[PDB]
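Read top to bottom, the protein sequences are chains A and B.
Every letter in the first sequence is one number past the one before it in the numbering used here, and letter 69, counting from 1, is 69.
Every letter in the second sequence is one number past the one before it in the numbering used here, and letter 44, counting from 1, is 44.
Note sheet for the following structure.
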Amino acid sequence: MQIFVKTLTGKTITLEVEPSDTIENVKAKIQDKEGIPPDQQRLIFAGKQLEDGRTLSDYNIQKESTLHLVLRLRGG
Amino acid sequence: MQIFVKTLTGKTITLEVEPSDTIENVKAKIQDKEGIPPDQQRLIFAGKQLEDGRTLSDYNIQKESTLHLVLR
Numbered sequence: 001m002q003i004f005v006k007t008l009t010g011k012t013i014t015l016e017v018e019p020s021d022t023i024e025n026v027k028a029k030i031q032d033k034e035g036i037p038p039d040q041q042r043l044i045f046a047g048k049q050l051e052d053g054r055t056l057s058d059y060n061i062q063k064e065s066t067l068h069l070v071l072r073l074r075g076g
Numbered sequence: 001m002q003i004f005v006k007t008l009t010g011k012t013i014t015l016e017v018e019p020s021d022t023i024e025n026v027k028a029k030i031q032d033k034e035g036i037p038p039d040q041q042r043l044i045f046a047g048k049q050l051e052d053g054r055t056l057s058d059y060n061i062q063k064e065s066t067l068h069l070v071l072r
């Protein structure tokens with residue numbers, strides 16, 4: 001089922017995610033298509049900035065979900 | 001006001017910086033001085049890596065402050 005992870009300036013990562021899916025697994029599915037490693041991926045979804053080892057169900061991530069992706073040191 | 005932007009790799013970049021300096025403005029002065037372009041640089045203060053458009057005044061990076069520059 002699809003999620004729309006939106007990387008800052010508009011780079012929208014369309015991902016096919018599982019009914020079993022997990023957040024470091026979703027980070028691996030981004031580390032494919034976008035090439036971004038897991039520290040450099042800071043996800044944000046519904047009240048929460050996201051971690052690494054959680055499920056999609058934990059955060060309430062479902063079909064056609066907009067997540068946001070923040071890229072590490074966004075400057076500095 | 002004088003700060004010491006070190007690298008971990010030996011070097012000390014001694015800079016006269018402003019209270020108005022944002023980090024990319026300091027990175028531009030490091031580009032001038034040592035030839036390094038902006039988002040190749042990452043500034044550490046103590047053990048925290050910095051955000052961009054925040055000032056040296058915001059971070060409390062005053063005179064004699066040792067920063068650590070890494071590249072990534």
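C-beta: ideal position from N, C-alpha, C; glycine also.
From the options, residue whose alpha carbon lies closest to that of residue i
i, options, result
"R42 of chain B", "B:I30, B:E34 and B:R72", "B:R72"
"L50 of chain B", "A:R74, A:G35, A:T7 and A:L15", "A:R74"
"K63 of chain A", "A:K27, A:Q31, A:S20 and A:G10", "A:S20"
Own chain residues within Cβ distance below 8 Å of residue i, not counting five before or after
i, result
"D58 of chain B", "none"
"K6 of chain B", "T12, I13, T66, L67, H68 and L69"
"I44 of chain B", "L50, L67, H68, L69 and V70"
"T22 of chain A", "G53, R54, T55 and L56"
Short Cβ contact (8 Å threshold) for residue i with residue j
i, j, result
"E18 of chain A", "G53 of chain A", "no"
"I61 of chain B", "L69 of chain B", "no"
Alpha-carbon spacing of residue i relative to residue j, whole angstroms
i, j, result
"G47 of chain A", "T55 of chain A", "16 Å"
"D32 of chain A", "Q31 of chain B", "33 Å"
"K27 of chain B", "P38 of chain B", "6 Å"
"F4 of chain A", "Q2 of chain B", "47 Å"
"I36 of chain B", "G76 of chain A", "13 Å"
"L8 of chain A", "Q40 of chain A", "13 Å"
"residue 119 of chain A", "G10 of chain B", "Residue 119 of chain A is absent from the model: chain A starts at 1 and stops at 76."
Spatial neighbours of residue i in its chain, beta-carbon cut-off 6 Å, leaving aside the 5 residues before and after
i, result
"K29 of chain A", "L15"
Contact set for residue i: own chain, Cβ-Cβ below 7 Å, skip 5 residues either direction
i, result
"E34 of chain B", "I13"
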